[PDB]
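K.L.:
Here it is, the structure in full.
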Amino acid sequence: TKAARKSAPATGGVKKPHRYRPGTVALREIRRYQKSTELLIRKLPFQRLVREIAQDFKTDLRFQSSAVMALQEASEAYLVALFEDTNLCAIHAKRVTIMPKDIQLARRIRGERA
Amino acid sequence: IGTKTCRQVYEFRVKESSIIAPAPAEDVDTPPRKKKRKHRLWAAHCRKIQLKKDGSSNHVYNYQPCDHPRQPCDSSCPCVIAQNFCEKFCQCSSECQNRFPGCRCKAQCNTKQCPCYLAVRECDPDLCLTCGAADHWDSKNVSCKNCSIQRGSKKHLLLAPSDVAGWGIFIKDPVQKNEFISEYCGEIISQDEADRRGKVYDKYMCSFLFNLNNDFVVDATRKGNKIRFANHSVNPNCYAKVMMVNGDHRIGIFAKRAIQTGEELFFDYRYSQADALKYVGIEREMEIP
Amino acid sequence: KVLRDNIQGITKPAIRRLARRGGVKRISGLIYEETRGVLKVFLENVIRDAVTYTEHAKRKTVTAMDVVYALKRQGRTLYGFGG
Ligand SMILES: Nc1ncnc2c1ncn2[C@@H]1O[C@H](CSCC[C@H](N)C(=O)O)[C@@H](O)[C@H]1O
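Protein chains in written order, with the UniProt record's numbering: chain F, 23 to 136; chain E, 458 to 746; chain C, 21 to 103.
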């Protein structure tokens, strides 16, 4: 047995975690990275990587420290340049995402693929 | 101690410190210093709490100060098992994840975007610093709207014989939608005795018991304020809404629509349909169509 | 747990960063592989020449100017490191 209690609707509404929509993070990255001028690849792995590959061509190559960072910068710009044009190939097919068949096509038109 | 100068105070302190054990005099700083406490992590915790138990949305428990002298704020936490946040009165430390984060709604802690408004909790004075909840506690007008019950900015009412039945309540001044009105004061009594008093109530068709939460019912039969005489209607200009204030469950009334001078106030008692016919069957309505 | 080919030492996010600097919005998963191979190819040429100047000079140590000279050969001059 329960008396006729007056009552009001109770609720449990709570805050919603916030998630940015896909892509808008990247756009923020583009501007900050284009403005940014520092190198992007972790510094240490390259010095091991260059030593490993160089060992094939010859043995016992002590590497001058100054000569090291050059390879990154040269490779970086080469990679960066090789990247941007890939978008133009990608957007040309009306897509937005790049796939390796494009990076192959792009390296052909430059002539380097052959 | 004006009875002694600083000498013979320090000296007797030497005498006392020689006799009694020296004081601990310990200080701590805790590992956490700043950041690493993004409030979205708190959103995960209540998401957990909502999914396990608070999905029921019927077991409203009165706040109880959980004590954790050396325990963490684990699943054994009384507030945790009570499906409710740890209040600042709890012994859960200043790092408890069940405590409220702080209610930083800039314009007014008063709308759907206000989590505190979304919460059943009124934005605490020490928390909604952006709506001035703490600011000018002496003053009556603040930017916030969900801080009134603390300040008790009640409106002025009038007592008159209601058209529906006997005495009724009339408002002195015009108000708009969702505007704060006077609280429904009363006395704290347990559910089981509310049955007994309610059992006594039905013998003379009285109703002054309000189901405050799952654990308590408030009564205004003997002690209360004027609003207890409000009538019933199925299409009211006012509605009841439970709220959480400083660990105290309270019920307020707000205008369901904008209201002009001299209106008669109504709200739904929300009993059963058969019960509604038993007590509040009068509807005072002509059918236009 | 680092003993392997150092090519995999080029972490996937590092690539993701570079695509951003080139303005790439969306990247498919299969890109991460040929990019390794394509980059791998690039080193093969430059060091080969870079080795060549060093050993011709009888030097056992690869120096900075040797790098730019080879880079100049591939039609990519490098301002900033000598000459
Ligand atoms: N709309 C309504 N029609 C008939 N009785 C009502 C009613 N609303 C409330 N009551 C009765 O009033 C009691 C609440 S106390 C209010 C009493 C009423 N306003 C008067 O002055 O006469 C309840 O016990 C209920 O039985």
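Every residue gets a Cβ at the ideal spot worked out from N, C-alpha and C, and that includes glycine.
1. Taking the beta strand (DSSP E) that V691/E belongs to, which residues open and close that run?
2. Rounding to the nearest angstrom, what Cα-Cα distance links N668/E and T23/F in this structure?
3. What is the DSSP secondary structure of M662/E, reduced to helix, strand or coil?
4. Give the interface partners of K57/F over in chain C, defined as CB-CB distance under 8 angstroms, in chain order.
5. Just checking: is the beta-carbon of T33/F within a distance shorter than 8 angstroms of some beta-carbon in chain E?
6. Using 10 angstroms around the beta-carbon of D620/E, count the other beta-carbons present and answer buried if the total reaches 16, otherwise exposed.
7. Under the rule that 16 or more other beta-carbon atoms within 10 Å means buried, what is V118/F, buried or exposed?
8. Below 8 angstroms, how does it come out for the region 681-690 of chain E and the region 584-604 of chain E: are there three or more Cβ pairs, yes or no?
9. Can you tell me whether DSSP reads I638/E as helix, strand or coil?
10. Going along the region 41-69 of chain F in order, which residues come within less than 8 angstroms of chain E, judged by CB to CB distance?
11. Spatial neighbours of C560/E within its chain, please: C-beta separation below 6 angstroms, excluding the five flanking residues on both sides.
12. Looking at chain C, is there any beta carbon in it that lies within less than 8 angstroms of the beta carbon of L110/F?
13. What are the start and end residues of the beta strand (DSSP E) that includes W624/E?
14. If we ignore side chains and look at the alpha-carbon of each, how far apart do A733/E and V691/E end up?
15. By the DSSP assignment, the alpha helix (DSSP H) with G57/C in it spans what residues?
16. Determine the closest residue to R70/F out of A96/F, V90/F, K116/F, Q126/F, with distance taken between C-alpha atoms.
17. For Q94/C, which residues from the same chain have a beta carbon less than 8 angstroms from its beta carbon, with the 5 sequence-adjacent residues on both sides left out?
18. Would you say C663/E touches ligand 1, meaning its beta carbon is less than 7 angstroms from a heavy atom?
19. So is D69/C in contact with chain F if we call contact Cβ pairs under 8 angstroms?
20. Are three or more beta carbon pairs between the region 515-533 of chain E and the region 546-555 of chain E nearer than 8 angstroms?
21. Please confirm whether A96/F has its beta-carbon closer than 8 angstroms to some beta-carbon of chain C.
22. From the DSSP output, read off the bridge partner residues of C543/E.
23. Using a Cβ cut-off of 8 angstroms, which residues of the region 79-94 of chain F contact any Cβ in chain C, in chain order?
24. Going by C-alpha to C-alpha distance, which of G35/F, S29/F, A25/F sits closest to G512/E?
25. Step through the CB atoms of chain C and report whether any lies within less than 8 angstroms of the CB of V118/F.
26. Can you tell me whether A622/E sits near ligand 1, meaning its C-beta is under 7 angstroms from at least one heavy atom of the ligand?
27. Cβ atoms of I30/C and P67/F: under 8 angstroms apart, would you say?
28. Less than 8 angstroms between the C-beta atoms of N541/E and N670/E, yes or no?
29. On a Cα-Cα basis, can you pick out the residue from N694/E, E483/E, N703/E, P488/E that is closest to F711/E?
30. What does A39/C touch in chain D if you count any residue whose Cβ is under 7 angstroms from its own?
31. Could you name the residues of chain E that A30/F contacts, counting a contact when the two beta carbons are closer than 8 angstroms?
32. Measure the CB-CB distance between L614/E and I606/E and report whether it falls below 8 angstroms.
33. Per the contact definition of three or more C-beta pairs closer than 8 angstroms, is the region 478-488 of chain E in contact with the region 636-644 of chain E?
34. What does DSSP give as the partner residue(s) for residue 19/F in the beta ladder?
35. Less than 8 angstroms separating the beta-carbons of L666/E and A25/F?
36. Grouping DSSP H, G and I as helix and E and B as strand, with all else coil, what is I120/F?
P.N.:
On the basis of the supplied data:
1. Looking at the DSSP string, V691/E is not in any beta strand (DSSP E), and its letter there is neither H nor E.
2. 14 angstroms
3. coil
4. Here the premise fails: no neighbours, minimum Cβ distance about 10 angstroms.
5. yes
6. exposed
7. exposed
8. no
9. coil
10. none
11. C566, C573, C580, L584, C585
12. no
13. 624-628
14. 10 angstroms
15. 51-76
16. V90/F
17. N65, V66
18. yes
19. no
20. yes
21. yes
22. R556/E
23. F79, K80, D82, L83, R84, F85, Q86, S88, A89, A92, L93
24. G35/F
25. yes
26. yes
27. yes
28. no
29. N694/E
30. This model lacks chain D altogether; the protein chains it does include are F, E and C.
31. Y696, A697, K698, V699, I708, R727
32. no
33. no
34. Nothing can be reported for residue 19/F, as the shown portion of chain F is limited to 23 through 136.
35. yes
36. strand
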